[PDB]
Amino acid sequence: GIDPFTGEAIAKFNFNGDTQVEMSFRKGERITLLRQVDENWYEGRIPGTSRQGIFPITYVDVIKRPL
């Protein structure tokens, strides 16, 4: 999240992805938001993890958003 265009989000609920493309996590995790892909998902990753994917907009609290 060095780059200012990225948004910061926290996990509200424990998300399991059902495809290879979706990123799975526990609640209370700080996810960086890359972009919002549509009405229901963002593309994201976790800081200093290899974990990247898409997740539901619903499971996460967005503080600052992708620009």
# chains A, B, ... in the order shown; residues from 1 in each chain; ligands from 1
call {"tool": "residues_around", "arguments": {"residues": "range 36-47 of chain A", "least_positions_apart": "2", "cutoff": "9 Å", "atoms": "only C-alpha atoms", "output": "JSON, numbers by chain"}}
result
{"A": [1, 22, 23, 29, 30, 31, 32, 33, 34, 49, 50, 51, 52, 53, 54, 55, 56, 57, 58, 65, 66]}
call {"tool": "atom_distance", "arguments": {"atom1": "CA of residue 35 in chain A", "atom2": "CA of residue 14 in chain A"}}
result
20.6 Å
call {"tool": "residues_around", "arguments": {"residues": "residue 25 in chain A", "least_positions_apart": "6", "cutoff": "9 Å", "atoms": "only C-alpha atoms", "output": "tab-separated table (two decimals) with N, CA and C atoms, in the first residue's frame"}}
result
chain	number	residue	atom	x	y	z
A	11	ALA	N	-11.63	-7.08	7.39
A	11	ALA	CA	-12.57	-8.19	7.34
A	11	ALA	C	-13.60	-8.06	8.45
A	13	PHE	N	-16.33	-10.47	8.25
A	13	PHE	CA	-16.69	-11.90	8.37
A	13	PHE	C	-15.61	-12.80	7.74
A	14	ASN	N	-15.58	-14.09	8.15
A	14	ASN	CA	-14.64	-15.08	7.59
A	14	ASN	C	-15.08	-15.51	6.19
A	15	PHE	N	-14.29	-15.14	5.17
A	15	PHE	CA	-14.64	-15.48	3.80
A	15	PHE	C	-13.86	-16.65	3.22
A	16	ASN	N	-14.64	-17.61	2.71
A	16	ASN	CA	-14.12	-18.72	1.93
A	16	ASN	C	-14.46	-18.44	0.47
A	17	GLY	N	-13.41	-18.46	-0.37
A	17	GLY	CA	-13.56	-18.43	-1.82
A	17	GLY	C	-13.90	-19.81	-2.36
call {"tool": "select_by_dssp", "arguments": {"residues": "range 9-53 of chain A", "states": "strand (DSSP E or B)", "output": "ChimeraX atom specification"}}
result
/A:9-11,22,30-36,41-45,52-53
call {"tool": "write_last_selection", "arguments": {"atoms": "C-alpha atoms", "output": "PDB file, in the first residue's frame"}}
result
ATOM      1  CA  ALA A   9     -10.182  -2.553   4.283  1.00  0.00           C
ATOM      2  CA  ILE A  10     -10.829  -4.825   7.295  1.00  0.00           C
ATOM      3  CA  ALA A  11     -12.571  -8.187   7.342  1.00  0.00           C
ATOM      4  CA  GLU A  22     -11.099 -15.890  -5.009  1.00  0.00           C
ATOM      5  CA  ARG A  30      -6.290  -5.961   6.946  1.00  0.00           C
ATOM      6  CA  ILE A  31      -6.733  -6.324   3.215  1.00  0.00           C
ATOM      7  CA  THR A  32      -5.491  -3.831   0.695  1.00  0.00           C
ATOM      8  CA  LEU A  33      -7.951  -3.118  -2.085  1.00  0.00           C
ATOM      9  CA  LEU A  34      -6.568  -2.991  -5.598  1.00  0.00           C
ATOM     10  CA  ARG A  35      -9.733  -2.048  -7.538  1.00  0.00           C
ATOM     11  CA  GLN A  36     -13.548  -2.506  -7.405  1.00  0.00           C
ATOM     12  CA  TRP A  41     -16.504  -7.538  -5.574  1.00  0.00           C
ATOM     13  CA  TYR A  42     -13.177  -5.892  -5.244  1.00  0.00           C
ATOM     14  CA  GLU A  43      -9.857  -7.222  -6.447  1.00  0.00           C
ATOM     15  CA  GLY A  44      -7.493  -7.368  -3.444  1.00  0.00           C
ATOM     16  CA  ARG A  45      -4.395  -8.763  -1.767  1.00  0.00           C
ATOM     17  CA  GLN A  52      -4.360 -12.190  -3.831  1.00  0.00           C
ATOM     18  CA  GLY A  53      -7.806 -12.629  -5.360  1.00  0.00           C
TER      19      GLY A  53
END
call {"tool": "atom_distance", "arguments": {"atom1": "CA of residue 26 in chain A", "atom2": "CA of residue 60 in chain A"}}
result
10.8 Å
